[PDB]
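Reading through the structure tokens given below for one structure.
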Amino acid sequence: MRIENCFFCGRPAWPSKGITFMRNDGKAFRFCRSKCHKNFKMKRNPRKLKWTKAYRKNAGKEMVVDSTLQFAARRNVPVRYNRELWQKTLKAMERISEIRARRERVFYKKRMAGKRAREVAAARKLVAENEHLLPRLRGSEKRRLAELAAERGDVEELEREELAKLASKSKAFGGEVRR
Amino acid sequence: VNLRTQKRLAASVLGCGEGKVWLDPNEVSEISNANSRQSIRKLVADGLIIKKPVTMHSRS
Amino acid sequence: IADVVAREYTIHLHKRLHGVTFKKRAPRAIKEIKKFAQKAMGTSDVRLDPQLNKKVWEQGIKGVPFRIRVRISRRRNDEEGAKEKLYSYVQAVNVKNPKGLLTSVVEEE
Amino acid sequence: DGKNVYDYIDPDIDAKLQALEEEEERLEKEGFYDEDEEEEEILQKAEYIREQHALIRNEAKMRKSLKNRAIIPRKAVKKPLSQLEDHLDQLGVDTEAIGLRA
Amino acid sequence: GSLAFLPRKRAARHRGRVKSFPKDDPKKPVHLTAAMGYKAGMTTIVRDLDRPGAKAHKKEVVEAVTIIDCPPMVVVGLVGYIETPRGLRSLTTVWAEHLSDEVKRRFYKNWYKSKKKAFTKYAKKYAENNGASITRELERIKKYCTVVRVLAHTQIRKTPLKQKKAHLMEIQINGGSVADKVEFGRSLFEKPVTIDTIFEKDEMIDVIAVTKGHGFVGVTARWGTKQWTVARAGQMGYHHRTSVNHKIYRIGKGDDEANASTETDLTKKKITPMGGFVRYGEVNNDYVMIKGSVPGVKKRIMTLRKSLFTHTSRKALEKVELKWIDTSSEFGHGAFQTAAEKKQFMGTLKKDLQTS
RNA sequence: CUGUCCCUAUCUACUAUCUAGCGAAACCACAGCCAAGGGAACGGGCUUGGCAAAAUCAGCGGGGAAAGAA
RNA sequence: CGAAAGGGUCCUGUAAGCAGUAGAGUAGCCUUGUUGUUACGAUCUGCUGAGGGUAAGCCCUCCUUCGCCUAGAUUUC
Ligand SMILES: [Zn+2]
Numbered sequence: 001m002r003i004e005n006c007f008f009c010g011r012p013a014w015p016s017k018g019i020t021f022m023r024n025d026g027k028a029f030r031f032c033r034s035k036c037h038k039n040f041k042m043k044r045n046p047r048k049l050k051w052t053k054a055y056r057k058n059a060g061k062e063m064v065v066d067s068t069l070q071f072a073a074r075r076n077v078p079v080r081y082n083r084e085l086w087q088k089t090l091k092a093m094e095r096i097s098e099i100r101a102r103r104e105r106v107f108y109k110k111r112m113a114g115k116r117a118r119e120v121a122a123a124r125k126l127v128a129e130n131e132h133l134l135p136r137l138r139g140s141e142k143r144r145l146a147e148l149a150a151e152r153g155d156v157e158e159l160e161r162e163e164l165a166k167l168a169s170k173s174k175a176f177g178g179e180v181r182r
Numbered sequence: 002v003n004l005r006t007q008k009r010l011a012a013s014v015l016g017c018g019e020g021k022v023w024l025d026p027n028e029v030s031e032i033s034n035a036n037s038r039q040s041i042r043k044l045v046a047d048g049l050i051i052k053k054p055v056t057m058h059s060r061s
Numbered sequence: 012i013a014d015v016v017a018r019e020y021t022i023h024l025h026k027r028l029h030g031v032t033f034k035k036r037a038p039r040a041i042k043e044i045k046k047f048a049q050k051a052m053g054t055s056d057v058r059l060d061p062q063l064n065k066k067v068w069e070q071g072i073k074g075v076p077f078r079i080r081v082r083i084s085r086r087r088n089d090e091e092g093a094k095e096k097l098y099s100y101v102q103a104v105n106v107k108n109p110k111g112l113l114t115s116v117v118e119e120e
Numbered sequence: 442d443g444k445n446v447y448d449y450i451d452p453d454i455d456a457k458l459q460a461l462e463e464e465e466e467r468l469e470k471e472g473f474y475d476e477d483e484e485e486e487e488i489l490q491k492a493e494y495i496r497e498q499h500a501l502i503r504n505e506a507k508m509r510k511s512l513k514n515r516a517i518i519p520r521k522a523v524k525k526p527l528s529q530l531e532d533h534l535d536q537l538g539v540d541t542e543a544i545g546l547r548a
Numbered sequence: 012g013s014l015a016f017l018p019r020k021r022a023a024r025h026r027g028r029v030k031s032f033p034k035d036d037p038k039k040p041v042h043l044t045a046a047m048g049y050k051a052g053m054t055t056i057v058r059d060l061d062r063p064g065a066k067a068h069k070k071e072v073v074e075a076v077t078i079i080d081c082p083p084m085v086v087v088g089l090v091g092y093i094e095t096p097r098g099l100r101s102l103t104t105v106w107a108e109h110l111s112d113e114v115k116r117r118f119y120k121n122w123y124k125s126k127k128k129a130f131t132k133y134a135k136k137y138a139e140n141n142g143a144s145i146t147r148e149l150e151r152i153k154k155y156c157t158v159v160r161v162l163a164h165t166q167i168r169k170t171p172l173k174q175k176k177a178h179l180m181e182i183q184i185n186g187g188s189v190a191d192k193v194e195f196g197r198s199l200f201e202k203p204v205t206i207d208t209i210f211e212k213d214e215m216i217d218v219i220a221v222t223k224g225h226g227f228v229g230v231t232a233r234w235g236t237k262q263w264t265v266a267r268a269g270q271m272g273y274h275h276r277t278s279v280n281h282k283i284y285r286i287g288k289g290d291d292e293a294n295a296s297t298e299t300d301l302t303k304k305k306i307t308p309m310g311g312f313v314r315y316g317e318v319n320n321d322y323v324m325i326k327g328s329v330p331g332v333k334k335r336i337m338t339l340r341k342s343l344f345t346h347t348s349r350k351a352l353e354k355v356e357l358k359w360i361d362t363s364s365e366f367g368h369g370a371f372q373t374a375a376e377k378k379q380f381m382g383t384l385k386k387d388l389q390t391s
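Chains as they are written, first to last, in the authors' numbering: chain CQ, 1 to 153, 155 to 170, 173 to 182; chain LR, 2 to 61; chain Ld, 12 to 120; chain CH, 442 to 477, 483 to 548; chain LB, 12 to 237, 262 to 391.
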């Protein structure tokens with residue numbers, strides 16, 4: 001038993017999961033599902049389809065050079081069974097797995113570094129050319145404030162206070180027609 | 002109220018189709034009380050019977 | 012608790028119209044909205060706004076939107092010896108996206 | 442955990458492991474993993495603008511209808527004082543200006 | 012079709028009855044015969060076969076197994092039977108203290124509006140020193156009865172279904188004298204029995220259930236076509276069936292936290308698939324994983340009983356060496372055993388970055 | 001390649017459970033469970049046996065249809 | 001118990017919009033351009049395994065929110 005990798009997409013092709021195809025040239029095509037099988041039969045290119053590990057590694061969406069990635073390899077010269085070797089191999093598997101995950105987090109963040117700059121620049125443009133759609137007050141409110149600010153002796158702060166309160170706190176369609 | 006008569010007379014006096022005549026929903030009582038081509042002209046002047054514009058037929 | 016109360020809901024017309032015949036999706040959507048309001052407010056007298064009807068019929072008879080955000084208001088029906096004392100009026104509310112909104116009670120003040 | 446012991450088994454693996462943790466310690470020492483109001487409010491303002499754009503688009507598509515229906519002109523239809531006053535004071539208009547009118 | 016299963020009437024009762032318990036001889040030790048459970052679904056296994064004479068010997072073979080969730084089963088009663096020229100007759104029954112709300116729900120039909128007044132006078136018949144009466148019933152069972160059964164009900168409260176009504180059945184006691192088995196049942200009152208105490212691993216057993224209903228079905232699917264022996268149209272499905280010879284491969288303890296783990300894949304995972312059993316949910320209790328298919332729909336009540344006869348095949352003596360248990364999502368063409376595996380495979384996502 | 005067959009595609013035509021309301025006709029001695037016997041290749045009532053439990057719904061592939069004889 | 005919501009899982013395949021002289025091409029300014037400028041612009045890349053759908057016969061819920069509840073009608077030794 002071995003966790004095979006799908007030829008077309010690269011997800012783990014577990015046993016009893018999928019179909020394999022034997023070309024006359026003599027080497028076998030293992031697909032993990034019917035999606036991959038039908039795509040290859042229609043002769044689409046995995047290197048081009050954007051939901052495949054081939055596309056991810058060709059467009060540079062996943063890391064391809066890391067000592068964590070050269071620990072993994074198919075082994076062609078078998079070794080003798082050795083209990084401590086196998087147990088230490090298990091522990092190494094755990095360590096390499098967590099290191100890979102954490103380096104993958106760093107790779108993703110280093111790729112998606114610049115997001116705030118672009119988003120904030122878009123926000124500046126949106127505000128600059130949509131000045132008029134910003135949260136306004138309300139006539140009765142402004143008026144009311146003036147009387148209560150007169151009572152409390155303050156108008157400006159009372160405004161930008163309720164401007165916040167109302168911003169911290173939808174419209175329907177139509178209404179009842181009286182019968 | 003039945004306003005087939007008012008619909009027909011309004012179309013005839015406005016020179017348009019029955020699909021182009023519009024009766025005010027809020028004034029169905031007055032439109033029903035109107036039963037002559039002089040009363041319907043009075044309503045047309047008053048704004049309760051309205052001829053709709055032709056459908057858009059943009060050519061560009 | 013109060014007899015008169017308005018509350019805002021979201022209806023999964025996708026779930027209530029899965030499989031229905033194409034030339035009936037819209038009328039069945041109206042019927043399911045009526046039943047939803049009846050179950051939510053306990054009123055057999057439910058009236059839907061004509062603009063809610065146009066909202067449902069926006070994309071033709073077979074193009075009913077997946078989820079609709081509505082406001083259901085139960086009020087008194089006075090009339091004169093009406094069969095039911097309370098009635099529910101259902102309106103459509105203008106929302107950016109009919110997802111992510113919980114059920115909320117709207118205040119008349 | 443979805444990994445092959447057979448693929449990861451390697452004689453003389455302690456050297457490779459020790460090299461790996463030594464490299465990690467180098468990386469945290471270097472800073473490979475060192476994680477580093484006006485912007486928040488301008489983003490909030492932009493989001494409010496986008497919400498208003500969506501609302502106005504919704505109103506427009508609500509009034510639009512599908513296929514070329516003849517509509518009643520605005521100069522023919524009449525509109526209530528309540529609606530006018532509401533819309534005006536939403537835009538921020540002092541309301542003692544109106545009131546006699548019609 | 013078949014002239015044996017010909018009254019193609021629907022099963023009169025949704026649970027299904029054993030209809031035959033294994034022949035009793037006192038030489039064997041005292042034990043219970045059957046048990047219940049609820050079908051969850053099926054998963055895929057690979058087994059290192061050890062079957063001399065088959066080309067699959069000393070190899071890995073992919074095999075289909077079914078999951079039956081079996082929470083502990085509460086014993087609440089003891090029924091004593093006499094043997095008469097007209098057959099077996101229920102001489103008398105003895106219940107226990109504090110029957111649960113689920114068995115009382117089984118007794119009632121409209122449980123919500125009812126005054127829940129079942130076995131109140133029986134609880135008084137215990138608590139008010141009529142233990143003399145209860146003991147005289149027990150001695151009547153000891154002195155006059157030849158077949159003794161145990162009333163047992165499951166725990167829908169633990170089983171993840173919308174239902175709340177339990178399932179009673181009579182499970183025959185075998186292997187001993189009538190006095191010994193009556194003492195066993197009386198000592199077993201008000202204690203749950205575990206499926207690993209009823210059966211164990213690698214025991215070929217029998218499953219009784221009600222096979223799925225299809226309603227009014229034409230002859231093409233009812234009889235497989237191109262007097263009472265002629266193919267007719269009518270009810271196909273919802274049929275009481277007793278399927279024999281199904282090897283129980285694993286009893287999972289539920290609380291082990293590594294129920295799906297074998298000695299070859301050191302993966303700490305449970306039997307529940309990634310995303311849960313489709314239309315059933317999660318198996319959080321003791322579970323029986325059995326070779327092959329089993330009559331019945333998911334979440335349907337099951338009856339698991341021992342074989343009526345001693346086995347005649349090497350298939351029953353065989354030991355089972357599991358290698359891995361399928362845990363991938365049954366909701367589609369899944370490929371990940373665990374959420375950790377999926378995250379490690381796919382890396383971090385936009386939602387992960389925005390949340391963190 | 002065919003004066004051959006089958007399947008897929010299109011068109012044409014006939015194809016349809018329950019509720020509200022409306023609402024026929026064909027046909028009709030009386031009936032209708034079986035097996036043996038009832039000389040007249042005749043049984044539906046008779047003999048003697050099998051049996052045999054109210055009231056209904058659906059499906060239907062069986063019976064209630066046939067000669068006249070050189 | 002019901003409706004939403006969140007998370008999980010599965011299906012599709014990378015949303016709208018913006019930007020980079022990357023971009024084949026289309027034209028004006030002034031005079032020669034050895035590196036001239038100014039505008040439009042298919043197409044590409046990034047934002048983006050994103051966006052969309054997800055039980056209608058999928059799964060889970062710690063106060064995730066809101067609502068409901070001890071009914072009303074008949075019959076029985
Ligand atoms: Zn694949």
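For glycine and all other residues, C-beta sits at the position ideal for the given N, C-alpha and C.
- Selection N3(LR), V2(LR), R42(LR) and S61(LR) evaluated against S13(LR) yields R42(LR) as nearest (Cα-Cα).
- Using a 10 angstroms sphere on the CB of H346(LB), the tally of other CB atoms stays under 16, which defines it as exposed.
- Among the CB atoms of chain CQ, none fall inside 9 Å of the CB of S198(LB).
- The Cβ atoms of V87(LB) and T165(LB) do not sit closer than 9 Å to each other.
- Under the 10 Å beta carbon count, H25(LB) is surrounded by fewer than 16 other beta carbons and is classified as exposed.
- Of all residues in the region 447-477 of chain CH, only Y447, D448, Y449, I450, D451, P452, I454, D455, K457, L458, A460, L461, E462, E464, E465, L468, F473, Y474 and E476 come within less than 9 Å of chain CQ when Cβ atoms are compared, listed by chain position.
- Using beta-carbon distances, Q379(LB) counts as an interface residue toward chain CH, with a partner under 9 Å.
- Interface residue (Cβ-Cβ distance to chain CH less than 9 Å): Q389(LB) is not classified as such.
- Neighbours of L301(LB) in chain CQ, taken as residues whose beta carbon is under 9 Å from its own, are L90 in chain order.
- Interface criterion met: the Cβ of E179(CQ) is under 9 Å from a Cβ in chain Ld.
- Within chain CQ, the residues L133 have their CB atoms less than 7 Å from the CB of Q498(CH), given in chain order.
- Partner residues in the beta bridge of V57(LB), as assigned by DSSP, are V73(LB) and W359(LB).
- Bridge pairing for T32(Ld): absent [DSSP].
- In the structure shown, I79(LB) adopts extended strand secondary structure according to DSSP, grouped into three states.
- A straight-line Cα-Cα distance of about 52 Å links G27(LB) and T390(LB).
- Shown here for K136(LB): same chain residues with a beta carbon closer than 8 Å to its own, the five before and five after excluded, namely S144 and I145 in chain order.
- For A506(CH), none of the residues of chain CQ pass the 8 Å Cβ criterion, the least Cβ distance being about 13 Å.
- Any Cβ of chain Ld closer than 9 Å to the Cβ of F176(CQ) would place that residue at the interface, and such an atom is present.
- When only Cα atoms are considered, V180(CQ) and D89(Ld) end up about 15 Å apart.
- Under the three-state reduction of DSSP, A177(LB) is assigned to coil, being neither helix nor strand.
- Counting other Cβ atoms within 10 Å of its Cβ, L527(CH) stays below 16 and is therefore classed as exposed.
- Under DSSP, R58(Ld) shares a beta bridge with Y100(Ld).
- For the pair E95(Ld) and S173(CQ), the CB atoms are not nearer than the 9 Å cut-off.
- Not flagged as an interface residue toward chain CQ: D61(LB), since no C-beta distance is shorter than 9 Å.
- Scanning chain CQ for C-beta atoms nearer than 7 Å to the C-beta of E485(CH) yields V120, reported in chain order.
- Under a criterion of Cβ atoms nearer than 7 Å, the residues of chain CQ adjacent to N445(CH) are, in order, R2 and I3.
- Interface residue (Cβ-Cβ distance to chain CH less than 9 Å): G111(Ld) is not classified as such.
- Relative to the Cα of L17(LB), the nearest Cα in the group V29(LB), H274(LB), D61(LB) and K50(LB) belongs to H274(LB).
- Going by DSSP, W23(LR) is part of the beta strand (DSSP E) stretching over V22 to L24.
- Going by DSSP, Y55(CQ) is part of the alpha helix (DSSP H) stretching over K53 to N58.
- Looking only at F200(LB), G269(LB) and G91(LB), the smallest Cα-Cα distance to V189(LB) is reached by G91(LB).
- Spanning the alpha carbons of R86(Ld) and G114(CQ) requires a straight line of approximately 53 Å.
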